[PDB]
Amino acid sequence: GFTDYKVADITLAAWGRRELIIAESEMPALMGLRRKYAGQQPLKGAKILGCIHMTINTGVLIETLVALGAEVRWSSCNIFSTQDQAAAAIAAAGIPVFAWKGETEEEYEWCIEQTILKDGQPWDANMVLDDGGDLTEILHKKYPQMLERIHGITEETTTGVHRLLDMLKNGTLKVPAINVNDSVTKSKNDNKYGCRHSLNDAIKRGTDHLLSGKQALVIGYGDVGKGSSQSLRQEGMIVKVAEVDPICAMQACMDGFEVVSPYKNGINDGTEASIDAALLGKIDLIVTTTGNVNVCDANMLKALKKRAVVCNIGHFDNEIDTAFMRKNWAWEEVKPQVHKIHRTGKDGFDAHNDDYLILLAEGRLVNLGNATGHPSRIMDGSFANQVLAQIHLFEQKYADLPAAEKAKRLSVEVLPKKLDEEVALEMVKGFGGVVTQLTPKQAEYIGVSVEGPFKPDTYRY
């Protein structure tokens, strides 16, 4: 009588387990950490509140933390990102999970609240694993007494890290954090390479549109923007890129993209007159990658080519003005996480209207909403960093320090480069790669240990 969960359908558990057993074989860094730390049980006594996309790959992360001695209570950090078979398999292993694909916002907040509370009172949580900072925000705003007993937060994504750095600048951050996002084996692998794989995947599963010879506009050329632009270009899309960062824009130019603005002269003065109508009238696909607000705005959405696809692969749906479309336009569901938005008016639509946009995942993370997110062998890097981060903060035991000692340890840090390299080495062995060992003369010549680290902390890769 394990009942401490809520999932779409517990009978998907056997299916979820089959996919976890496959995913294991694609995740050598994560499975390496299981084998290495199994005996030592470095997370014995850890009580982890987890808020991250309840996928099969997140399942292998959860079962790694549990194998190392942790107990967890889990939710998803997105309403559309759960794989119901993954959620079912985790619940079936006797692990509290509150996640299903297609939550309401009310259900999303309820799921996070079910991790935080056990039998209607605060859980004895002492660790937080977060992706986007929604759980971190609720603990700070609603459960400050719970943070007194928490040793730290391990934050997955750019948007979550920004929110931590704001709290730290404001003196409101209550416990230390590891920025998992800025391990090279996370930010390069997941933020960039993962989006090369999963963006075109999500747009095919959502639309089945030919992308070859069609026109895309990618907003942003950070790690997600670079991966997303490549995802489309490798399918033969004509990709244009927008940026606010001239260094990122210069990279897009050198990578073979045309750098354009949705605005005449790049000036976003909020007028319809500012919109480059000729440019947006040629676009078949717009993708937002920024982590910023309203980068695909009402006037852009009015100007887009009839039957353009619109999607967001940044963390939050507010990249796109979906509030404007809900207010002004009629939404026809094609199938789950695919809507035609009829720009003819609010009150009904003609079934044969030609004047619509296709919105994926209601503007939520499209790679998780309309596909399965990044493949296991990429999520291996991210999640091995999460396990190492959890071990590091748990072992430091911030909550048990005196006030004077807390003041010295209250920071947002990254993992050491040596760990980043050890994750990378396990990932390279999963491709059958063979890394060359430096001779002592070579190691002396470039001024590094034969064991590494191989690069100064300033190296960009």
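Residue indices: 1-based, along the sequence shown.
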{"query": "Greater mean Cα temperature factor according to the PDB record, 345 to 353 or 380 to 388", "finding": "345 to 353"}
{"query": "Between 398 to 406 and 55 to 63 (mean CA B-factor, as deposited), the higher", "finding": "398 to 406"}
{"query": "Which of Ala252, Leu173, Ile286, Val244 ranks first by CA B-factor in the deposited coordinates", "finding": "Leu173"}
{"query": "Residue with maximal Cα B-factor (values as given in the PDB entry) among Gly314, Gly225, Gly194, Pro122", "finding": "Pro122"}
{"query": "Third of chain Cα B-factors occupied by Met27", "finding": "lowest"}
{"query": "CA B-factor placement of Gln83, once the chain's modelled residues are sorted into thirds", "finding": "lowest"}
{"query": "Chain thirds of CA B-factor: placement of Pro416", "finding": "middle"}
{"query": "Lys101 - Cα temperature factor, lowest/middle/highest third of chain", "finding": "middle"}
{"query": "Ranked against its chain, the third holding the CA B-factor of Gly213", "finding": "middle"}
